[PDB]
Amino acid sequence: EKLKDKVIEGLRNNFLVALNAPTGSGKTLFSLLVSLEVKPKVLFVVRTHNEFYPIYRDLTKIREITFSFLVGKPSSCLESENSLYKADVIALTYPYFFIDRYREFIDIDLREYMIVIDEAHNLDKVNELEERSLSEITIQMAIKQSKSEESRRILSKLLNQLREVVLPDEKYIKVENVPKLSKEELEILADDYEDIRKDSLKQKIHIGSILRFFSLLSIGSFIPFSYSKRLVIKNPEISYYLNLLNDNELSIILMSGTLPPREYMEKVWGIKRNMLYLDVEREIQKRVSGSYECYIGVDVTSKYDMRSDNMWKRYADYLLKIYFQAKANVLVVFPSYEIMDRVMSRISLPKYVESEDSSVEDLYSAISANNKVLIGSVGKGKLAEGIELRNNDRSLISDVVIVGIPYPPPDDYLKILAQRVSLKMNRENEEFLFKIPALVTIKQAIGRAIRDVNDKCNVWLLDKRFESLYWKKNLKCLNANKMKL
């Protein structure tokens, strides 16, 4: 609209551009038009292979434009471990742009391109891409599949090592004592990937994934953490994955439905160059998303001090109670898979607890005319992106439930994040460290409910803590009806 200039000006003017555009607001198309007015080629960096369609579509509808899709390396082999360069507009997935070792994979300049990163509220969980991990489970299938002999010797010694360094706790516990493997021991194992990468192929070999795990560990930046019975090397440094956005030689546009506050991007994401932060709401001075009713539970909370079995009983009743009264499916959001269980293991209703796999079909295979379904999902990626809710033209979900507060746990991974940011974990950063991230999850969820300007739905904030005026303000909903039972 008016933006189309304030932006094209900024891009050419070399400022980094952020756009806070609500769900189904026309977003995608905008950058399309505006990019082909700032630079020749246009690059699209998206969450998953799904987002690729709103491209081709909004792309095919352009006057004066050859597209070049790109599906993962694994889903093509005629675990990623050609006629592209001839495209005016290409589309990639997070990795092919953020993984140093995945960019060179795709020989690209980027300069000739207008870079558009979609749903950039994920730049935090971008470290997630590279994390590798060991689970007693692999250390096993890795032994059954063992053409070599003395590879199972080290393969069980490790299984032992592992066990000594992992707790079920659903939080990142820093690990010192990390199973050790001498280069020679690697050999025995590397040559076992051989006899395997032969006889078996003479017709996924996860004995190398173990290797990838130690290979990556070799670097040095990554840190080992025990997260739910699995070892996990993960690089806490964020501004080590997003520093690419500072290169003043790159025109960039960051957009999402719930982009984080300017300072967050500064203090957390480590984004230094000049920035033009434009938000649709404060612009056309109107709400573009879809309205929703606010009901705040105040006889419940997920906080440690008050949580118990009686507590989980309550919640199960809320779900039960919010289920029927609903006009359609219900999407419930838990802070951890643990809680999602004690509350869900109560409900004798038609549920679907996404977890680990939960295939594409799986989900709609769960809402397969089964009428209302109480869908469980924990606020940590997995279930999200591309998965709209649009079928015969009706947001399949009428109610979005938030059980407790999806604040991030103050664990070791969180503590190494605050120190790599010289952002003292005190009071001043409560927001950036916990609140803000917690605010994205919820909103990223109320979003999967609405997709139009009219499209309405209920939002249940089940946790006394939500009646504070802060939450009421930040989750576009002051006029909120309180309630018990």
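The chain as shown is numbered from 1 upward.
Technique stated in the header: X-ray crystallography, 4.0 Å.
Note: Cβ is positioned from N, Cα and C throughout, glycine not excepted.
Lifted from Swiss-Prot, the feature list:
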type: BINDING; residues: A21, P22, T23, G24, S25, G26, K27, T28; note: ATP binding site
type: MOTIF; residues: 118-121; note: motif 'DEAH box'
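Same-chain residues lying 6 or more positions outside the motif 'DEAH box' (118-121) and placing a CB less than 8 Å from one of its CB atoms are 18, 28, 44-47, 51, 254-260, 385, 440, 444. Each of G257, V288 belongs to the same chain as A21, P22, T23, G24, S25, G26, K27, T28, is absent from that list, and has a C-beta within 8 angstroms of the C-beta centroid marking the ATP site. Taking H, G and I as helix, E and B as strand and the rest as coil, DSSP gives the motif 'DEAH box' (118-121) the counts 2 helix, 1 strand, 1 coil. Calculated from the flanking Cα atoms, the unmodelled 4-residue segment between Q203 and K204 spans 14 Å. Within 10 Å of the C-beta of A21 (ATP binding site) we count 22 further C-beta atoms, all protein chains included.
For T28 (ATP binding site), the Cβ neighbour count at a 10 Å cut-off comes to 21, with all displayed protein chains included.
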